[PDB]
Amino acid sequence: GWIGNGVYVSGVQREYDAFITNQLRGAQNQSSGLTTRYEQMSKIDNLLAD
Amino acid sequence: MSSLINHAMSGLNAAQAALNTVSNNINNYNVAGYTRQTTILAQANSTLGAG
Amino acid sequence: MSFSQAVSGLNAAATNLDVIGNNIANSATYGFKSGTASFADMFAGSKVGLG
Amino acid sequence: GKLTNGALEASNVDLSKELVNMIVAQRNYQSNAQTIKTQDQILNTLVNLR
Amino acid sequence: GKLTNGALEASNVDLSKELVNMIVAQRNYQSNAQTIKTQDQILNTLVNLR
Amino acid sequence: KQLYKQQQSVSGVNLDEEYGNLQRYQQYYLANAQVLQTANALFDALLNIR
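Residues numbered from 1 in each chain as written, not as in the entry; some residues may be left out. Chains lettered and ligands numbered in written order. Part of a larger assembly, values for the part shown. Heavy atoms only, no water.

This entry lists cryo-EM as its structure determination method and reports a resolution of 2.9 Å.

Chemist: Hey, could you run me through the overall build of chain B in this one?
Modeler: Helices and strands together make up the secondary structure of chain B, namely one helix and zero strands. For 51 residues, the compact-globule estimate of 2.2 N^0.38 gives 10 Å, and chain B exceeds it by more than 25% at 16 Å. The principal-axis extents of the C-alpha atoms in chain B amount to approximately 55 × 20 × 5 Å. By element, 58% of the accessible surface of chain B is carried by carbon and sulfur atoms, the whole surface being about 4,200 Å². (Helix = DSSP H or I, 4+ residues; strand = E, 2+ residues; numbered from the N terminus. Rg over C-alpha atoms; globule rule 2.2 N^0.38 Å. Areas by Shrake-Rupley, 256 points an atom, 1.4 Å probe, with all protein chains shown as cover.)

Chemist: What am I meant to see in the overall build of chain C here?
Modeler: What chain C contains, in helices and strands, is one helix and zero strands. Its C-alpha atoms give chain C a radius of gyration of 15 Å, clearly above 10 Å, the size a compact globule of 51 residues would have. With respect to the three principal axes, the spread of C-alpha positions in chain C is 45 × 15 × 5 Å. Looking at chain C residue by residue over its 51 residues, the buried ones come to 31%. With the model as given, the accessible surface of chain C reaches about 2,900 Å², and the carbon-plus-sulfur share is 62%. (Buried < 20%, exposed > 50% of the residue type's maximum accessible area, 1.4 Å probe, protein only.)

Chemist: Explain helix α1 (residues 15–49) of chain D here, please?
Modeler: Over its 35 residues, α1(D) extends 50 Å from the first C-alpha to the last, a length consistent with the 51 Å expected when each residue adds 1.5 Å. For α1(D), the set of buried residues is D:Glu18, D:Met22, D:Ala25, D:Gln26, D:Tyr29, D:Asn32, D:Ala33, D:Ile36, D:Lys37 and D:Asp40. If you follow the buried residues of α1(D), they end up packed against α1 (2–25) of chain C together with α2 (15–49) of chain F. Taking the backbone nitrogen of D:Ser16 as reference, a side-chain oxygen 3.3 Å away marks D:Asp14 as the first, capping residue of α1(D). (Expected span 1.5 Å × (residues − 1). Contact = heavy atoms within 4.5 Å. Polar contact = N/O pair within 3.5 Å; in protein donor to acceptor, adjacent residues only side chain to side chain.)

Chemist: Hey, could you run me through the pattern of salt bridges in this one?
Modeler: Two side chains that carry opposite charge are able to pair once their charged atoms sit near each other. Enumeration according to the criterion identifies three salt bridges over all chains in this entry. Salt-bridge contacts for E:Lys17 lead to E:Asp14; the nearest nitrogen and oxygen are separated by 4.0 Å. Under the relative-accessibility criterion, E:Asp14 is labelled partly exposed at 27%. The partner of E:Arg27 in a salt bridge is F:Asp44, and the shortest N-O contact between them spans 2.6 Å. Note that E:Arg27 is positioned in helix α1 (residues 15–49) and F:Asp44 in helix α2, a pairing that runs across two chains. (Salt bridge = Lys/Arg side-chain N within 4 Å of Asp/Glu carboxyl O.)

Chemist: Sorry if this is basic, but what is going on with the nonpolar core here?
Modeler: Soluble globular proteins: nonpolar side chains tend toward being buried together. Of all hydrophobic cores here, the largest spans eight residues; its members are C:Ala6, C:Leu10, C:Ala13, D:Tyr29, D:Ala33, D:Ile36, F:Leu42 and F:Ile49. Among residues more than four places away in sequence, those in contact with F:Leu42 are C:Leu17 and D:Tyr29. (Core = buried A, V, L, I, M, F, W, Y, C linked by side-chain atoms within 4.5 Å.)

Chemist: Explanation requested: helix α1 (residues 19–49) of chain A in the structure shown.
Modeler: Because the α-helix completes a turn every 3.6 residues, residues three or four places apart line up on one side. Along its 31 residues, α1(A) runs 44 Å from first to last C-alpha, staying within 8% of the 45 Å computed at 1.5 Å per residue. Those residues of α1(A) not exposed but buried are A:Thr21, A:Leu24 and A:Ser42. Buried residues along α1(A) sit in contact with α1 (2–11) of chain F.

Chemist: It is not clear to me how the interface of chain C and chain D should be interpreted in this structure. Could you clarify?
Modeler: One widely used convention gives an interface's size as the accessible area the parts lose upon coming together. At the junction of the two partners, chain C supplies 23 residues and chain D supplies 19 residues. The largest per-residue losses of area from chain C upon contact with chain D belong to C:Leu10, C:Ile20 and C:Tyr30, which jointly make up 27% of the total buried on that side. Our count for the chain C to chain D interface comes out at one salt bridge. Taking the shortest distance from any N to any O, the salt bridge between D:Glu9 and C:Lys33 comes out at 2.8 Å. (Buried area = accessible area lost by both parts, 1.4 Å probe.)

Chemist: Sorry, what's going on with the interface of chain A and chain C here?
Modeler: Taken together, the contact pairs five residues of chain A with four residues of chain C. Of all residues in chain A, the largest losses of buried area upon contact with chain C belong to A:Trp2, A:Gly4 and A:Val7, amounting jointly to 82% of the total for that side. At the junction of chain A and chain C, the tally comes to zero salt bridges. Counting the contacts that link chain A with chain C gives three residue pairs in polar contact. A breakdown of the residues in the side of chain A that touches chain C according to their chemical character gives three nonpolar, two polar and no charged. (Nonpolar A, V, L, I, M, F, W, Y, C, P; charged D, E, K, R; others polar.)

Chemist: Help me understand the packing of α1(C) against α1(D) in this model?
Modeler: For any two helices packed against each other, one specifies the crossing angle of their axes together with the interaxial distance. Between α1(C) and α1(D), the least distance of the axes is 9 Å, while the angle of their chain directions is 155°. Comparing the axis directions of α1(C) and α1(D) gives the class roughly antiparallel. Considering the relative orientation of α1(C) and α1(D), their crossing is left-handed. Here the contact of α1(C) with α1(D) is built from residues that sort into 14 nonpolar, eleven polar and two charged. (Axes fitted to C-alpha atoms, helices over the stretch in contact; angles between N-to-C directions. Parallel < 35°, antiparallel > 145°, perpendicular 65-115°, else oblique. Left-handed = near helix turned anticlockwise from the far one by under 90°.)

Chemist: Can you walk me through the arrangement of the chains in this structure?
Modeler: Looking at the nine pairs of chains with contacts, the pair that accumulates the most is chains C and D. Regarding chain B and chain E, the two do not touch, and the least distance separating their C-alpha atoms is 24 Å.

Chemist: Is there a simple way to think about the side chain of C:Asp18 in this case?
Modeler: Position of C:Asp18 relative to the elements: it lies in helix α1. Although C:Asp18 lies buried, it forms no salt bridge, and the closest oppositely charged side chain, E:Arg27, sits 13 Å away as judged by the N-O distance. Residues within four places of C:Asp18 in sequence aside, it is in contact with A:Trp2, A:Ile3 and A:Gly4. (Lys, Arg positive; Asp, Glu negative; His and termini not counted.)

Structure, rendered in structure tokens:
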């Protein structure tokens, strides 16, 4: 049968992962905690700095 | 064939990466530590055919 | 037949065109390798045969 | 062969060679078709001629 | 599904499909025209022969 | 931020790569245009022949 049988497209995909993404999420969570504490602390420090 | 635009793309992105590296290094020049960072590149070492 | 010689050739040329069109259609299919077809002379009996 | 990773193998199709082959195939088909045409019209002339 | 507000949705009429369809179907138009002509030639032959 | 780099490397896009891809797809589309044109001329030449 007609032998050229033109090209077709194999869907569309994205570039990312699940497990390493989840490790990413945990790291960001911890860092958020540290950021919260640092800013709250900086508030007391700014007054005490004076 | 598209090999030529591929050549150009390789060169473009290589220079782009090295330029980003040198920017990082030049702005970081006085961090408390931070030895220089150097970029390394080499031939495609492959990717050739007829001849 | 002279006519058959031509007809056969025309037909074969259609096949060549088909394979060429497929070559273009694959012109970016990853890992793909290009194609072409092969002819032969339909000499038979004597003279030129049929094409 | 050796393995390369983070890379992929392109098409070994050269578009330029295929373009020239395309036009040469035009010429081949045109030669065949026009030989057909000349022979057919002049034959019909003979088939009619009797 | 779900509704959108302040938006509109347009048709599926892509020129690439429809113009090429027009090309191939016009090829068919001329194909049937050629058939018609040759049938007319057949009758005209049979008419003129007697 | 380093893990942010990790995610971006896999998942991100940048302008130069899409510039090159845009040019390459320009190339492929125009090649397909050329082949279609040759097909049209081929079959119209046949029509002329007959």
